[PDB]
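Report on one structure; see the data block that follows.
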Amino acid sequence: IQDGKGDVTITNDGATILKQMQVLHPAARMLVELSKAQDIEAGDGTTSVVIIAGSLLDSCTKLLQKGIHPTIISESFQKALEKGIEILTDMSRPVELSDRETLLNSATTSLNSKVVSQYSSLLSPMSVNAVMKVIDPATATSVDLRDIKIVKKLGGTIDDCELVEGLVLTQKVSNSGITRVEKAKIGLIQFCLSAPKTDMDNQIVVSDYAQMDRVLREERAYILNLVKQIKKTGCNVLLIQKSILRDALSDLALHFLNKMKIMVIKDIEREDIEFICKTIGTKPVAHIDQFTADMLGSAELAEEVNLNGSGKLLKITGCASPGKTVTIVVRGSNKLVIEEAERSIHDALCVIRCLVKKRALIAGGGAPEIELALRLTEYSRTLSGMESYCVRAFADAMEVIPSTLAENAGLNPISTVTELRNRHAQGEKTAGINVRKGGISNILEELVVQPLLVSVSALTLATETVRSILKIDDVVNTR
Amino acid sequence: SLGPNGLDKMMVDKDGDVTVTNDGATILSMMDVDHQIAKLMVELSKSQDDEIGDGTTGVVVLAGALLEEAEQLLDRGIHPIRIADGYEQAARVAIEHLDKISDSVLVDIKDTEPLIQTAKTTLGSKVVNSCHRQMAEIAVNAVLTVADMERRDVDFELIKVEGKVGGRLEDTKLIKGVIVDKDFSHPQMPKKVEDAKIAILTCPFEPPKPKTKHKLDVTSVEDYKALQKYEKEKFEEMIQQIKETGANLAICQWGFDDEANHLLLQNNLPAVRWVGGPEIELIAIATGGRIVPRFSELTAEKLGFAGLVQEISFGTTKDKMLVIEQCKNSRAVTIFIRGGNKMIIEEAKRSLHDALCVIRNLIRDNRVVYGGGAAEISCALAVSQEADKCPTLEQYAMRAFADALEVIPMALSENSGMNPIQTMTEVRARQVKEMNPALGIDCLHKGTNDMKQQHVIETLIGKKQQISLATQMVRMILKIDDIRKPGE
Amino acid sequence: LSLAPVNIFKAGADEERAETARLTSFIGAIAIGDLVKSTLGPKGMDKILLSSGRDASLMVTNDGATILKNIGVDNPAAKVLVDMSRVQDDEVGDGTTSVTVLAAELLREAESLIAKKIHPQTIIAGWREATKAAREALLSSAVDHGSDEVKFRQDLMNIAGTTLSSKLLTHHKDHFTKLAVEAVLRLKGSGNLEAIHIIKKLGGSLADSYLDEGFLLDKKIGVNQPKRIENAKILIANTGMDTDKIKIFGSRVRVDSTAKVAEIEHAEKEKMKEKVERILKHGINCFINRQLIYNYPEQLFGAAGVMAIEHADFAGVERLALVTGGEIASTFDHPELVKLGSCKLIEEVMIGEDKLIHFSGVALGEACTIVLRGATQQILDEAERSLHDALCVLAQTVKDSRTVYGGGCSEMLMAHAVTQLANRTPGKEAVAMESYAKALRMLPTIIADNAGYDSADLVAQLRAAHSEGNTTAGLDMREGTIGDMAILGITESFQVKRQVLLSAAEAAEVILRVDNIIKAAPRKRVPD
Amino acid sequence: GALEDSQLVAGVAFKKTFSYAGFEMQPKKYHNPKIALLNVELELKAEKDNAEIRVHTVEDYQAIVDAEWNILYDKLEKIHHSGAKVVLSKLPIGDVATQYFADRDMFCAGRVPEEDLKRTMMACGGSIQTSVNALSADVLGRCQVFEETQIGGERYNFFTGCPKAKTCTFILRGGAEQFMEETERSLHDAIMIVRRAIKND
Amino acid sequence: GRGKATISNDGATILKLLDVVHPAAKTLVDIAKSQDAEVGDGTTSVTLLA
Amino acid sequence: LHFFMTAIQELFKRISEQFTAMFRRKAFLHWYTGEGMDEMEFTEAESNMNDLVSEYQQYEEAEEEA
Ligand SMILES: Nc1ncnc2c1ncn2[C@@H]1O[C@H](COP(=O)(O)OP(=O)(O)O)[C@@H](O)[C@H]1O
Ligand SMILES: Nc1ncnc2c1ncn2[C@@H]1O[C@H](COP(=O)(O)OP(=O)(O)O)[C@@H](O)[C@H]1O
Ligand SMILES: Nc1ncnc2c1ncn2[C@@H]1O[C@H](COP(=O)(O)OP(=O)(O)O)[C@@H](O)[C@H]1O
Ligand SMILES: [Mg+2]
Ligand SMILES: [Mg+2]
Ligand SMILES: [Mg+2]
Ligand SMILES: [Mg+2]
């Protein structure tokens, strides 16, 4: 997609394409907000929920020409949705969090659809490792993705991506010469080291030649006093917070700090203090009298790395008191590949999040979609009246996804669904489309699975949107 | 738009606004004209409302009908100055005749009823007729309260008219205090009090600050610690001075502080913040207190007295209003207009202003005449009878005056649905045969043409101005012969 | 041949006389009531509003008050019906669709009466005696309750399930009725509807909404401060912790040495320490402030184990003083004249992708929060808008507890009282009174017309049942037949139906009296 | 009004000027007042635009704030001791001075045009004072009646009753803006005819 | 040019309100102002006489 | 330090950028030197111009040992 400003983004996510487009029909501007909801809770299946919602609204064209009121279709669709949940729940299989083989198989299924399908024998294991290091597997009800920080760095290729069990800073140090410290004592500071400034408007008046030399002398003994308090605690690495109203580090304080073999790092934002305190375990210090040798966080190594010419980077590893945070460095050759590589990893984190909230696994590859299209067919024969036509319309619209998986792979869509449906009512119920073999086989032998929350959350949200479209009868333009 | 059966006009403002009104002054005001003579008629009606307040759509009808009758005289070879000379002689006969049939009854507090019947007729024309009995008791009761009886004047600054949309039209009531649109400073203050002594203040609650370019120098640490102590003792000194004098409620013109807000709450002493200028002097007159500019001047003899200070709440909105009533003898009252429409409130305000202005006129001059067209039929006979003894080419001008004077009865009959020439002829024939100058037009279909029984009352000075002012404008128009204007 | 040979007005100003002004005011008002009619009744449809200059804000709504506030009309007589509709929404919050349809049906019946050569003042005087005879027959039919708790609760459940009917919430009517009736009883008789905070956020179905037992706050805690504390003692304050107390005077420092500046700087840092120590004398562990808290006092609270919540506006501080039960405190000089809050557990919750501070276990609980979940952004906006109509009408029933049977029974009741009066008064007003009774009977007609039923047959059955004694008969929209209203449970509020008659009769009176429309020269807009 | 309602007064008459809070709390009819014609700003302001205050201690801070409130109250007391009842001033009168004169049954006015104060002087017999340090009996005015009536929706102040008056004032009552201008121009012709007719009989 | 009307019967103000640009005619407008400055009456009697 | 109308720093920055590029190639320089100027006169202009920028203050791959 190319923006009108001159920005080009190669994407594959269904939630990203619909955001970048600029549609003007009001009925299609509601489809963008549908896929946004699936990206928030489920985090995957954003493309599937638009196909389902776009196929149900189509099946409503023939029912209107037959003389069926739209209110009956709204109530009859809820009948086929409440039944569809009961067909998906008993199909699923419970799973535990002590089984790495299941999570590895579920972190590759939502990885092989992207441009990094070739590099999954490396990104899948580092995605499972990044989630088990944040939550407690004994009592886990939700995972915060804010505890995982993704860093994008140009240069190299994708297979150079790694997992850092520490703190990564994107800015170089201010002190020149000292770039390698072992067994460091990190310390966070929030006050500035410059000439004394009060909140009230102050000024110094000189009315004698002898007082000119005192201003310079007494100034120099004030900065020196604060630097000698820091070295008393035994500090090696310094982290200064950003300040805009007054200077945070003068050239005099930096001259003293280099002479005591201390690394100085300036310009730290006010939004990532918590992530720093959660990683190395550093008490923030906002006053000089509170700078005690207990306000400090230990570490093993704190040194800056130098790339092949793309910049410098800061790595602090081996924390004495590690938290529940982890960070990932993404490497790519182009600015377009890095963005797509980053979205692919964020998809493999939302699938692991879905497994901890609802420990249930359901076979993928078009297996569930054809199952709801078969139980609802015989279900509608038992009903009578005008509601028996709406359930049949619900079942037929569920065959679009099994038709799309076979059409994109260059197979016959008519013969595939006919063979798929026939084998689904005579035996096993885990048969799907095999894109590698080229036909239909047992889908569990391909080691492809997906969480149960994705298939359900992509159906509850789809039916609700259609029930609101059928309420609309007029469009009027306002100011 | 004349008489009880008239219809009103839609008006659209230049920008986007809509006004519905029946008053003659405002209709000619928001109408944008380009003719210069049309701008003279606009000023003719405006000079009537501010002088009396009633009759502003009656003057332009008479002046317009007075000019039309002179059109035939000019075509016969008659100098315009001769017409403008004969008109003034007729206006001296009609005015001298109007005092002869004028009746004065009485004006005081104990027997009020002729005053009610005077304001009933003026309200008869406007949209406020469903409840026009109630709105005729507010107008009369809110005038003798604020009016002096020795100097014979009315201060309209002492009467506040405030309308709030939403509710019902018959919920309008007269408040004998001051209602201000504000609320208490702290959300945890009591909404009502039963015995409050009002402490009117002008000065804010901040620490003092001189107007000249002060600068305070801090050259040590003890000077700094002596400044924090100075600030906190000044707040506590203020609350002690209010509580000592016995005050119960504080009223301030300027704002409070974060610290001076709790001290008022912690001491069980509610207060109101950021009140307006004109509203303060109405609370001082109503409650009987005095205004102090400092805290040092606050004594026990400078405090007001209220009987009830509540905080009324409207419907599902955040609009709170403070009301003050149950006071002793007062000189300030307010009118609270309600209604379910934006245009109802605005027209209700205009109709009430006309009712108040009618009673104000009766204080200056007690004597009244009877309306419904009775004054015009009687005045047109005196002019016509005297014109028979004036042989100097003035009988034509006098007869033309008495013919344009009868357009008022012919405008009420046409609006009512009756035939003008068939009803007007029968009224004069009955008035000459009898000796009853109080016969008019039965516009409301009640059966009797006797206006005295139907209680139709009009102020005398209202009718005098509609003749003396309308004649003089005709003299300008008849004097003007040349126009020089640029072309567009 | 033209409009008078002379030119009075300016260039661009227009005037309309009697025969054409009545044409504009009557086609302008009918157009307003025709767009809105489609959204009336249990089976009314829904509209879409697109803005052409407001960055294309797509909003989807049903109520007849937000539609009129958005449609840009230039008709002078159509602006009256848009203003009266706003006042209805700001008075009782329900009945905007019914007040515009009724006032638009009165005007339609007043155009065929002018064509019969009837003076407008005859219609108006005849309608005044019709409204008076209609409001007397509605007051006499009201059922006053409130002496029994088991009966008053059943009356509030019926009102709530009747308002939510035309709205999108009608799918889950059994679930949103309990959330709407329990949130009003938490106010304990106070009409402060602002105390209910409706928090809406994307994700989840409409059936995942709930009413929280305690409270929820969308704020954050300081760094390295305890996330949970059991058995808390909350202190609600409003004091300036920004930098320092500026101590407003015209003051400045005029020392002559740079060591004396360092001493004054240390004096500010010991001014804030003293202020913090005066707070801790209360014996608290949860400080809540309505302004910012800077980096110095943030560490002082975190060293004694105190939770500090910063940047909570007036909307979140006034509410927290009604939930826990504390007071908004300042000046911190007397710990014995202040009252602290109370809780039982404070934790951090995860609703979707955001963190909120949860208050489990409260003393008073006079305010609450409602969490709305939905698929699209337009469903969240419509659920909030519809839910606000259920809370507004239940705050009126508690102050004035008398209900009137709805669902078409009340409209036919007042229409019969006018008919018996119109058969008594001689003259032309008998014709004008029948038009008033004719306009009230089309409100039940529109409800049955949207559902596709035989409207002309159901009104005849209702009119025949209301003139023989059956005063509770009304429409039954679930089947299509005639059913009782005291059994099914269709109930309305007395104040809502009273404000519809009085508002729709005044607006039809103001418009009908107009006989001349005078337009000034429009203000031009500068193109460049 | 009407053309026959024009009056000639035997003193001065000027329109009501801007008034602050408390103006409606003071009497509007006097029997034998003493007019104090002034040219002073009786309002709380800075002593001189070119000024600066440099205080060192908080005890001297409070004495400065009390010094400005004592300068103003010194001027008002000097007026009240002189026996005056009506005060006029070209420069504005603040609200603090308005409420000072309301508690002592004394009338106040401000922002009077120069053409109206000079017409008062040759009607009452005072003098414009730029200072309040000298208010003797010979620098005050006197009359017989003073009131504030309403004419045509406007408030006017009257100073009738001056036996030694040497000025008059015409109040013209018409019905339009051009009715009064033509009446004023017509009156301007009889004024100059009589003025020329005294020097040449 | 703005729209303000000046209605009067006296020569002096009528001749002041006309934008006379003729050099010969501007003498008659200048003597009218002289008459209304010395005596104040007879302004339109010196215009017909001239 | 008495220049009025950023802090004027932008105006002097762009002028010396074009001037340095022009003086490096010594383009159109013979028009000024031929009538009585010299090379050192222009050097003092850019040296002084750099000083005023310094008064208007706003506020390599070998880093192993020192
Ligand atoms: N009840 C009544 N019966 C007969 N004439 C009336 C009645 N009420 C008012 N009028 C007449 O209506 C005329 C016009 O008054 P109105 O329409 O109120 O406007 P305005 O008072 O501004 O002229 C008056 O001259 C009065 O005589
Ligand atoms: N379940 C129901 N059965 C019959 N009538 C109903 C029902 N619910 C609502 N109504 C009727 O629908 C009418 C319109 O209600 P609605 O459109 O929801 O809001 P408004 O009153 O603002 O138009 C009401 O007068 C009510 O009597
Ligand atoms: N009573 C009278 N009878 C006849 N002519 C008169 C009478 N009074 C004045 N005049 C004449 O009218 C003229 C007045 O002209 P006028 O319009 O006043 O001119 P101006 O305005 O320049 O003085 C005088 O020249 C005088 O001769
Ligand atoms: Mg996927
Ligand atoms: Mg009137
Ligand atoms: Mg409703
Ligand atoms: Mg003359």
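Residue numbering restarts at 1 for every chain of the structure tokens, chains are lettered A, B, ... in their displayed order, and ligands are numbered from 1 as they appear.
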
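Based on only C-alpha atoms and all ligand atoms, the protein and nucleic acid residues found within 8 Å of ligand 7 are, by chain and then by number, residues 189 of chain D; 10, 41, 42, 43 and 44 of chain E.
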
The selected residues should be written to file as a compact mmCIF listing (two decimals), in the first residue's frame (atoms: N, CA, C and O atoms).
```txt
# COMPACT_ATOMS: atom_id res chain seq x y z
N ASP D 189 -31.13 79.67 15.43
CA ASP D 189 -31.30 80.90 14.67
C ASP D 189 -31.89 82.01 15.52
O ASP D 189 -31.50 83.17 15.38
N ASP E 10 -32.66 74.91 5.88
CA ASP E 10 -31.81 76.15 5.89
C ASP E 10 -30.72 76.15 4.83
O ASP E 10 -30.10 75.14 4.62
N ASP E 41 -28.78 84.44 10.32
CA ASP E 41 -30.08 84.38 9.66
C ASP E 41 -29.98 85.15 8.35
O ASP E 41 -29.15 86.06 8.21
N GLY E 42 -30.82 84.78 7.40
CA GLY E 42 -30.77 85.35 6.07
C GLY E 42 -29.85 84.60 5.14
O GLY E 42 -29.38 85.20 4.16
N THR E 43 -29.58 83.33 5.40
CA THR E 43 -28.61 82.59 4.60
C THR E 43 -29.12 82.35 3.18
O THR E 43 -28.37 82.52 2.21
N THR E 44 -30.38 81.96 3.04
CA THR E 44 -30.94 81.68 1.72
C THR E 44 -31.45 82.93 1.02
O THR E 44 -31.97 82.82 -0.10
```

- [ ] Identify, counting only C-alpha atoms and all ligand atoms, the protein, DNA and RNA residues located within 8 Å of ligand 4, and give them as JSON, numbers by chain.
- [x] {"A": [44, 45, 46, 47, 109, 110, 111, 113, 347]}

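Going from CA of residue 441 in chain B to CA of residue 372 in chain B covers 5.8 Å.
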
Next item on the list: Would you kindly return, as a list in words, each protein, DNA or RNA residue with an atom no farther than 7 Å from any atom of residue 98 in chain D, considering only C-alpha atoms and excluding same-chain residues fewer than 6 positions away?
Entry: residues 22, 23 and 108 of chain D

Requested in this report: Enumerate as an MDAnalysis selection string the residues within 7 Å of ligand 2, counting only C-alpha atoms and all ligand atoms.
Outcome: chainID C and resid 39:42 63:64 94:98 162:167 406:408 447 475:477 490

Using only C-alpha atoms, select each residue of chain E with any atom at most 9 Å away from an atom of chain B, and give the selection as a PDB file with N, CA and C atoms, in the first residue's frame.
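Wrote out26.pdb, looks like this:
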```pdb
ATOM      1  N   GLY E   1     -22.993  59.191   1.275  1.00  0.00           N
ATOM      2  CA  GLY E   1     -22.613  57.924   0.684  1.00  0.00           C
ATOM      3  C   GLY E   1     -22.833  56.721   1.569  1.00  0.00           C
ATOM      4  N   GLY E   3     -25.530  56.514   4.011  1.00  0.00           N
ATOM      5  CA  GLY E   3     -26.949  56.258   4.145  1.00  0.00           C
ATOM      6  C   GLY E   3     -27.631  57.082   5.217  1.00  0.00           C
ATOM      7  N   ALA E   5     -29.487  60.294   6.522  1.00  0.00           N
ATOM      8  CA  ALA E   5     -30.318  61.334   5.932  1.00  0.00           C
ATOM      9  C   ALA E   5     -30.251  62.602   6.769  1.00  0.00           C
ATOM     10  N   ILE E   7     -32.350  66.020   6.922  1.00  0.00           N
ATOM     11  CA  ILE E   7     -33.586  66.734   6.486  1.00  0.00           C
ATOM     12  C   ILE E   7     -33.627  68.125   7.057  1.00  0.00           C
ATOM     13  N   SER E   8     -33.505  69.163   6.199  1.00  0.00           N
ATOM     14  CA  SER E   8     -33.387  70.573   6.680  1.00  0.00           C
ATOM     15  C   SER E   8     -33.909  71.632   5.690  1.00  0.00           C
TER      16      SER E   8
END
```

Inset, instruction - Residues of chain D no more than 8 Å from chain E, counting only C-alpha atoms: send them over as a VMD selection string. - result: chain D and resid 178 182 189 192 to 193 196

Let's have the selection written as a PDB file, in the first residue's frame, with N, CA and C atoms.
```
ATOM      1  N   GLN D 178     -34.059  62.902  13.518  1.00  0.00           N
ATOM      2  CA  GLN D 178     -34.057  64.095  12.682  1.00  0.00           C
ATOM      3  C   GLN D 178     -35.089  65.124  13.120  1.00  0.00           C
ATOM      4  N   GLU D 182     -33.462  69.062  13.618  1.00  0.00           N
ATOM      5  CA  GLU D 182     -34.084  70.207  12.965  1.00  0.00           C
ATOM      6  C   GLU D 182     -34.627  71.195  13.989  1.00  0.00           C
ATOM      7  N   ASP D 189     -31.129  79.667  15.430  1.00  0.00           N
ATOM      8  CA  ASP D 189     -31.301  80.898  14.667  1.00  0.00           C
ATOM      9  C   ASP D 189     -31.890  82.007  15.523  1.00  0.00           C
ATOM     10  N   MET D 192     -29.012  83.501  17.946  1.00  0.00           N
ATOM     11  CA  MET D 192     -28.116  84.502  17.382  1.00  0.00           C
ATOM     12  C   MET D 192     -28.844  85.769  16.964  1.00  0.00           C
ATOM     13  N   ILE D 193     -30.132  85.682  16.635  1.00  0.00           N
ATOM     14  CA  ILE D 193     -30.880  86.890  16.305  1.00  0.00           C
ATOM     15  C   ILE D 193     -31.039  87.771  17.538  1.00  0.00           C
ATOM     16  N   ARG D 196     -27.609  89.298  18.579  1.00  0.00           N
ATOM     17  CA  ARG D 196     -27.268  90.463  17.776  1.00  0.00           C
ATOM     18  C   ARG D 196     -28.202  91.635  18.031  1.00  0.00           C
TER      19      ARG D 196
END
```

**Message:** As a quick test: using only C-alpha atoms and all ligand atoms, which residues lie no more than 8 Å away from ligand 5? Give them as a VMD selection string.
**Reply:** chain B and resid 3 23 54 to 56 121 to 126 354

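The neighbours of residue 266 in chain B here are the residues that come within 9 Å of it, using only C-alpha atoms and leaving out any residue fewer than 3 positions away in the same chain; they are residues 261, 262, 263 and 269 of chain B; 337 and 338 of chain C.
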
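For the residues B:368, B:74, B:2, B:143, ranking by smallest atom-to-atom distance to ligand 1 using only C-alpha atoms and all ligand atoms places B:2 first.
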
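Interatomic distance, CA of residue 414 in chain A against CA of residue 399 in chain A: 10.8 Å.
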
Chain D proximity check over C:257, C:415, C:249, C:303, using only C-alpha atoms: winner is C:249

Just want the 9 Å neighbourhood of residue 204 in chain C, counted on only C-alpha atoms, with same-chain residues fewer than 3 positions away dropped. Output as a PyMOL selection string.
(chain A and resi 37-38+41+457+460-461) or (chain C and resi 201+207-209+352+372-375)

Limited to C-alpha atoms, could you put the picked residues into a file as a compact mmCIF listing (two decimals), in the first residue's frame?
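Below is the file that was written, selection_24.txt:
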```
# COMPACT_ATOMS: atom_id res chain seq x y z
CA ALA A 37 -11.96 -5.82 17.90
CA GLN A 38 -10.58 -9.26 16.98
CA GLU A 41 -8.78 -9.82 22.49
CA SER A 457 -14.14 -14.85 19.11
CA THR A 460 -19.41 -14.08 18.13
CA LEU A 461 -18.17 -10.71 16.86
CA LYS C 201 -14.09 -0.06 25.50
CA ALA C 207 -23.47 -9.74 26.58
CA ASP C 208 -20.18 -9.32 28.48
CA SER C 209 -21.23 -6.01 30.05
CA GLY C 352 -9.00 -6.07 27.43
CA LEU C 372 -19.69 -1.84 28.26
CA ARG C 373 -18.23 -4.28 25.72
CA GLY C 374 -19.01 -4.37 22.02
CA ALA C 375 -17.87 -5.34 18.55
```

| Long-range neighbours of range 131-135 of chain A as number ranges by chain, 10 Å cut-off, only C-alpha atoms, 2 positions minimum in chain | A: 97, 126-129, 137-145, 147-148, 165, 323-326, 349-350, 352-353, 356

Output file for the selection above: C-alpha atoms, as a compact mmCIF listing (two decimals), in the first residue's frame:
```txt
# COMPACT_ATOMS: atom_id res chain seq x y z
CA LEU A 97 1.21 -25.26 30.19
CA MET A 126 12.23 -17.56 20.94
CA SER A 127 8.55 -16.59 21.04
CA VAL A 128 7.57 -19.33 23.51
CA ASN A 129 10.62 -18.50 25.63
CA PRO A 137 2.71 -20.94 34.90
CA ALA A 138 1.13 -21.97 38.22
CA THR A 139 -1.36 -19.08 38.40
CA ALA A 140 -1.82 -17.26 35.09
CA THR A 141 -5.04 -15.54 34.05
CA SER A 142 -3.70 -12.97 31.55
CA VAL A 143 -0.40 -11.92 29.96
CA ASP A 144 0.78 -8.32 29.63
CA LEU A 145 2.49 -7.68 26.30
CA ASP A 147 6.35 -6.51 29.63
CA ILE A 148 7.89 -7.45 26.26
CA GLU A 165 17.54 -11.38 28.92
CA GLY A 323 12.33 -9.32 37.07
CA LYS A 324 9.65 -10.64 34.75
CA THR A 325 10.63 -8.62 31.67
CA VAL A 326 12.30 -9.58 28.39
CA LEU A 349 2.75 -13.63 21.06
CA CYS A 350 -1.03 -13.21 20.90
CA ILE A 352 0.43 -17.89 23.28
CA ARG A 353 -1.65 -15.34 25.21
CA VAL A 356 -3.31 -19.25 28.92
```

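Within 10 Å of range 11-24 of chain F, once only C-alpha atoms are used and residues closer than 4 positions along the same chain are dropped, the contacting residues are residues 6, 7, 28, 29, 42, 43, 45, 46, 49, 50, 52, 53 and 56 of chain F.
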
Practice problem: Please return, as a PyMOL selection string, all residues of chain F lying within 7 Å of chain A when only C-alpha atoms are considered. | Solution: chain F and resi 63-66

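Within 12 Å of chain C, chain D contributes the residues residues 53, 54, 55, 56, 57, 58 and 61 of chain D, using only C-alpha atoms.
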
So that I have them on file, write out the residues from the current selection with N, CA, C and O atoms, as a short mmCIF file (atom, residue, chain, number, x, y, z; two decimals), in the first residue's frame.
```
data_model
loop_
_atom_site.label_atom_id
_atom_site.label_comp_id
_atom_site.auth_asym_id
_atom_site.auth_seq_id
_atom_site.Cartn_x
_atom_site.Cartn_y
_atom_site.Cartn_z
N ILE D 53 8.82 49.70 44.91
CA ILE D 53 8.91 49.45 46.34
C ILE D 53 9.82 48.26 46.57
O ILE D 53 9.64 47.20 45.95
N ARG D 54 10.80 48.42 47.46
CA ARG D 54 11.78 47.38 47.77
C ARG D 54 11.78 47.15 49.27
O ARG D 54 12.55 47.78 50.01
N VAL D 55 10.93 46.24 49.73
CA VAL D 55 10.82 45.91 51.14
C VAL D 55 11.67 44.68 51.43
O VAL D 55 11.95 43.88 50.53
N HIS D 56 12.10 44.54 52.68
CA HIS D 56 13.01 43.48 53.08
C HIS D 56 12.34 42.47 54.01
O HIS D 56 12.59 41.27 53.90
N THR D 57 11.49 42.93 54.93
CA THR D 57 10.90 42.04 55.91
C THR D 57 9.37 42.05 55.81
O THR D 57 8.76 43.01 55.33
N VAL D 58 8.76 40.96 56.26
CA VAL D 58 7.31 40.81 56.17
C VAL D 58 6.55 41.77 57.06
O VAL D 58 5.38 42.06 56.79
N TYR D 61 6.03 44.55 54.91
CA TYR D 61 5.10 44.20 53.85
C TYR D 61 3.67 44.54 54.22
O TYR D 61 2.93 45.09 53.41
#
```

- [ ] Please report as number ranges by chain which residues of chain A come no farther than 8 Å from chain C, using only C-alpha atoms.
- [x] A: 26, 30, 33-34, 37-38, 40-41, 142, 144, 190, 196-206, 211, 214-215, 218-219, 274, 277, 283-287, 457, 460-461, 464-465, 468, 471-479
